[PDB]
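What follows is a set of notes on a single structure, which appears directly below.
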Amino acid sequence: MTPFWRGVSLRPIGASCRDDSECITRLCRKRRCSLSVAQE
């Protein structure tokens, strides 16, 4: 677990989201992916 912004089996940081599970980090920040930064 390191390349959060790469072609993983999930959605990378710099990608769009649908559900937290869609994002590699399991964090759906306003329909977008990101790290442990759910503040905006």
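The count begins at 1 with the first shown residue.
Determined via solution NMR.
Each Cβ is built from the backbone N, Cα and C atoms, and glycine gets one as well.
According to Swiss-Prot, the disulfide bond annotation covers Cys17-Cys28 (among others). The DSSP secondary structure for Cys28 (disulfide bond) is strand.
Under the three-state DSSP scheme, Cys33 (disulfide bond) falls in the strand class. Summarising the annotation, Swiss-Prot assigns disulfide bond to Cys23-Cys33 (among others).
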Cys17 (disulfide bond) sits from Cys23 (disulfide bond) (Cα to Cα, rounded, in Å) at a distance of 6
Same-chain residues at least 6 positions away from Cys33 (disulfide bond) with a Cβ under 8 Å from its Cβ, in sequence order, are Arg11, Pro12, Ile13, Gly14, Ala15, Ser16, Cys17, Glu22, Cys23, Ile24, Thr25, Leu27
